[PDB]
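Chains as they are written, first to last, in the entry's author numbering: chain A, 3 to 264; chain H, 5 to 549.
We treat Cβ as the ideally placed atom computed from N, Cα and C, and that holds for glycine.
The block underneath contains the structure these notes are about, expressed in structure tokens.
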Ligand code: SF4
Ligand code: SF4
Ligand code: FCO
Ligand code: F3S
Ligand SMILES: [O-][O-]
Ligand SMILES: [Mg+2]
Ligand code: NI
């Protein structure tokens, strides 16, 4: 009712590639989203306020009479009482816990917030955790490293206008993550024909042969990359490079070595 | 003028530092309205170097790329260069060209986003834009920038109307509690300039999308490219006609915006804030160089970089030394790492996290303190610009002088936060001037021969270094391979150089030193700190990794 729904966006143990991915949205562009559609009430990467003023901005949002939706970017470092990841003098885990409590809904943008991400890879020095594990609540997961802005903004709009979209067993919206990368790969006929590139310099590579022998995890990865592409132009396999499985939980340890199927 | 300055004596802490990548806490002691001491305190550790141990050297680039998604690609590039050196492979010409073009696209995206979406709000009072007459603003735009429909009175009125409806809603979103709300003594721009800058801010939100699309044509996607492999690149399609036509078409759009909006906006602002040419200067600059015509080895990179490598000490532009990779080391005395880690060359790098407490003056950052022969080094656009300028690189010489003239300032005025800010635009313009040449070179080459990846063998035992000058400066990845696995992998990252803590001698880092002498108009709203901090374009995820 003229009011724009309030969104609070927290950055935890992250590389900001998810923030970057979100601003690549074109349906709508980010300016339109935050001017017309939502009220982005806290976002460290782009917000004007700093320090105490930024902290008051957050607290204002969390106390908003209309409530807010929470977007979480990054995993949660839990070692030493959460002190290896701090904002404004407070452990990230403490602040996310507090924001989550009264959130209308929680969207984890990226594999880091969904599942723990890169900092959780062995030997996990910071004892990093995904949000759901850390807080003990169900989250809407938009994984990928980073996810397609199509998937995130798609989810965001769905949540605000329609409700919680149907989620797969790992909390991923089926609209976007319901299909294997491999099932929509243009190189699928080569895979079917057992026509694999043995190396990146091979004539087979030059001819666009399947990349499975080079470690492609397309066959075990749920994402929509070949269908929707990135940046309206490309995706990794189109660029001659195997899928890393970057939308699968704990892929840093389950999908490695990246150049093998072993 | 002169520069607004309060009488404030006491500490100021700014945490979070917003409009950067990552988690930074700045602590300052102010005396009589000027900063007398500073501390750069990085607030997040992830530990990629620890994570990489024992892994397949081929995997490194995928792990290290996640050091940062703001400067996406650069770590993948540095890791691939690093591993290429360790296995002693020389990438094909096409791979060198493609890798360098992607870097170029990264510069364009990165500098455009930083200026507008990270930096401008320190200089530009957006709410003041609502006071501007759009006809007065259109006229002023004609007098400070090239003709473009985006700067018309109608186009500036529409922006103002969009902003007004936004502000009138009561939901300020990302402007909530801005330091410029209600006016601020340290914001000088006329409302007309605020309107112009704000119009471009919104345009740049669209333009960065195109910049990222151009990059993804060669890189597979953005953020987080996926086209580099040991021995070169995978992206044969990135050598063909239509994709390269589209790549050039998108880059020309981006470059038109750099020239029509970014530089003019930068110079306009620079003109109003000329006092900032005497604030936030440092003494030593280091660059590994970038855009080499020969990337067969780190030594060839250093020597053939078209943005040249070099070392300036004590602002002495008459003496640019060669880079000595053996003289790089990192200290941890004032960092959150175990005692005994000081003075390590990155090949002998140690990453042993040890947290103490917040604002502990003896241990106050998750960043290491990189030093060169004992000296803190500023890296990034300003370092590159000075080094290129001192060396008489013709494009840098021309552009620096265009800037020094327009601003009627001596080159020594560039040793400052204003210079640092301006340097970033200077190099953006030069990348832009080089794109079509570079693209044409690769198009012609890939047409003749589409070789993109070289044959190579994994050695049992070895070491290598991958150098790059990322958008924020001199980046190096250092690998030791033992049993065909990662034995040691160390990243030494531009923000580590710039925003790290004190070294083992208690010597301040570049940002810490730059902050000394910062005037504080309003201690409640210390934008001046942000101006200097933001000028280094900090990336804490990069710095700490
Ligand atoms: S999911 Fe990937 S891109 Fe997103 S914050 Fe984590 S490492 Fe960065
Ligand atoms: S390249 Fe990957 S996703 Fe495509 S067919 Fe081969 S294994 Fe499947
Ligand atoms: N540019 C950039 Fe990121 C930092 N600091 C890297 O490397
Ligand atoms: S690596 Fe990730 S972006 Fe898509 S192609 Fe594979 S899921
Ligand atoms: O950005 O580093
Ligand atoms: Mg390091
Ligand atoms: Ni970065």
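message: Going by the DSSP bridge assignment, what does residue 232 of chain A pair with across the sheet?
response: Answer is A/236.
task: Please go through the same chain and pick out, in chain order, the residues whose beta-carbon is closer than 7 Å to the beta-carbon of residue 529 of chain H, but skip the five residues on each side of it.
output: For residue 529 of chain H, the CB contacts under 7 Å within the same chain, skipping 5 residues up- and downstream, are 183, 188 in chain order.
task: Say whether chain H places a C-beta atom closer than 8 Å to the C-beta of residue 121 of chain A.
output: Closer than 8 Å: yes.
message: Between the alpha carbons of residue 147 of chain A and residue 204 of chain A, how many angstroms are there, rounded?
response: Between residue 147 of chain A and residue 204 of chain A, the alpha-carbon positions lie close to 28 Å from each other.
- prompt: Quick one: which chain H residues come within Cβ less than 8 Å of residue 11 of chain A?
  reply: Near residue 11 of chain A there are no residues of chain H at all, since even the closest Cβ is about 10 Å away, more than 8 Å.
message: Classify residue 196 of chain A: buried if its beta carbon has 16 or more other beta carbons within 10 angstroms, exposed otherwise.
response: Exposed.
- request: Indicate whether the contact test is met: 3 or more Cβ pairs, each with one atom in the stretch 7-25 of chain A and one in the stretch 124-142 of chain H, closer than 8 Å.
  value: In short, these stretches do not touch, since the Cβ pair count stays below three.
- request: Note the first and the last residue of the continuous beta strand (DSSP E) segment covering residue 11 of chain A.
  value: Where residue 11 of chain A is concerned, the enclosing beta strand (DSSP E) stretches over 8-13.
query: Comparing the CB of residue 74 of chain H with every heavy atom of ligand 7, is any distance shorter than 7 Å?
result: The nearest non-hydrogen atom of ligand 7 is less than 7 Å from the C-beta of residue 74 of chain H.
- prompt: Considering only the beta carbon of each residue, do residue 113 of chain H and residue 31 of chain A sit closer than 8 Å?
  reply: No. Outside cutoff.
message: If the cut-off is 8 Å on Cβ atoms, which residues from the stretch 177-189 of chain H count as contacting chain A, listed in chain order?
response: Flagged, chain order: 177, 178, 179, 180, 181, 182, 183, 184.
task: Evaluate the contact criterion for the stretch 430-445 of chain H versus the stretch 102-113 of chain H: three or more CB pairs, one atom per stretch, below 8 Å.
output: Short answer: they touch.
message: Going by DSSP in three states, residue 145 of chain H sits in which element: helix, strand or coil?
response: Under the three-state reduction of DSSP output, residue 145 of chain H falls in the helix class.
Beta-carbon spacing of residue 476 of chain H, residue 399 of chain H below 8 Å: No.
task: Select from the stretch 227-259 of chain A all residues with a C-beta closer than 9 Å to any C-beta belonging to chain H, and list them in chain order.
output: Within the stretch 227-259 of chain A, the qualifying residues are 227, 231, 232, 233, 234, 235, 236, 237, 238, 239, 240, 241, 242, 243, 244, 245, 246, 248, 254, 258, 259.
query: residue 206 of chain A CB to nearest chain H CB: under 8 Å?
result: Taking Cβ atoms only, chain H never reaches closer than 8 Å to residue 206 of chain A, which makes this a no.
Nearest neighbour of residue 513 of chain H, chosen from H/192, H/235, H/391, H/500 [CA to CA]: Cα-wise, what sits closest to residue 513 of chain H is H/500.
message: Against residue 345 of chain H, what residues of chain A qualify as contacts under a CB-to-CB distance less than 8 Å, listed in chain order?
response: Those within 8 Å of residue 345 of chain H in chain A number zero; the least Cβ separation is about 15 Å.
query: Do residue 547 of chain H and ligand 3 come close, with the Cβ less than 7 Å from some heavy atom?
result: At least one heavy atom of ligand 3 is nearer than 7 Å to the Cβ of residue 547 of chain H, so yes.
query: Got a sec, what are the start and stop residues for the alpha helix (DSSP H) residue 501 of chain H sits in?
result: 498-503 is the extent of the alpha helix (DSSP H) around residue 501 of chain H.
message: Distance cutoff 8 Å, beta carbons only. Does residue 91 of chain H sit that close to anything in chain A?
response: Chain A, which has no Cβ nearer than 8 Å to the Cβ of residue 91 of chain H, makes this no.
query: Based on Cα-Cα distance, which residue from H/27, H/125, H/167, H/121 lies nearest to residue 136 of chain H?
result: Out of H/27, H/125, H/167, H/121, H/167 has the C-alpha closest to the C-alpha of residue 136 of chain H.
- prompt: Is it true that the CB of residue 415 of chain H sits closer than 8 Å to the CB of residue 422 of chain H?
  reply: The Cβ-Cβ distance between residue 422 of chain H and residue 415 of chain H does not fall below 8 Å.
field: Nearest residue (CA-CA) to residue 349 of chain H, options H/377, H/326, H/323
entry: Of the candidates H/377, H/326, H/323, the residue whose Cα lies closest to the Cα of residue 349 of chain H is H/377.
task: Tell me whether residue 165 of chain H is buried or exposed, calling it buried when 16 or more other Cβ atoms sit within 10 Å of its Cβ.
output: Exposed, since its Cβ has fewer than 16 Cβ neighbours within 10 Å.
message: Going residue by residue through the stretch 454-480 of chain H, where are the continuous beta strand (DSSP E) segments of at least 3 residues, counting only ones entirely within it?
response: Complete beta strand (DSSP E) runs here, min 3: 465-474.
- request: Verify whether the separation of the beta carbon atoms of residue 184 of chain A and residue 220 of chain A is less than 8 Å.
  value: Yes. Within cutoff.
task: Tell me residue 375 of chain H's beta-bridge partners as DSSP assigns them.
output: In DSSP, residue 375 of chain H forms a bridge with H/333.
message: If you reduce the DSSP assignment to three classes, tell me which class residue 44 of chain H lands in.
response: In the structure shown, residue 44 of chain H sits in a strand (DSSP, three-state: E or B).
- prompt: Any C-beta of chain A sitting closer than 8 Å to the C-beta of residue 587 of chain H?
  reply: Missing from the structure shown is residue 587 of chain H; chain H here goes from 5 to 549 and no further.
task: Compute the Euclidean distance between the alpha carbons of residue 460 of chain H and residue 95 of chain H, then round it to the nearest angstrom.
output: If I take the Cα positions, the gap works out to 10 Å.
message: In this structure, how does DSSP classify residue 253 of chain A when only helix, strand and coil are distinguished?
response: If DSSP states are grouped into helix, strand and coil, residue 253 of chain A belongs with the helices.
field: Residues that DSSP places opposite residue 88 of chain A in a beta bridge
entry: In the DSSP assignment, residue 88 of chain A forms a beta bridge with A/93.
Close beta carbons around residue 111 of chain A, own chain, < 6 Å, minus the five adjacent residues each side: For residue 111 of chain A, where only same-chain residues beyond five positions count, the Cβ hits under 6 Å are 20, 73, 75, 144, 154.
- request: Measure the CB-CB distance between residue 272 of chain H and residue 391 of chain H and report whether it falls below 8 Å.
  value: Against a cut-off of 8 Å, the Cβ pair of residue 391 of chain H and residue 272 of chain H comes out as no contact.
task: Give a yes or no on whether 8 Å exceeds the smallest Cβ distance from residue 60 of chain H to chain A.
output: It does; some Cβ of chain A falls within 8 Å.
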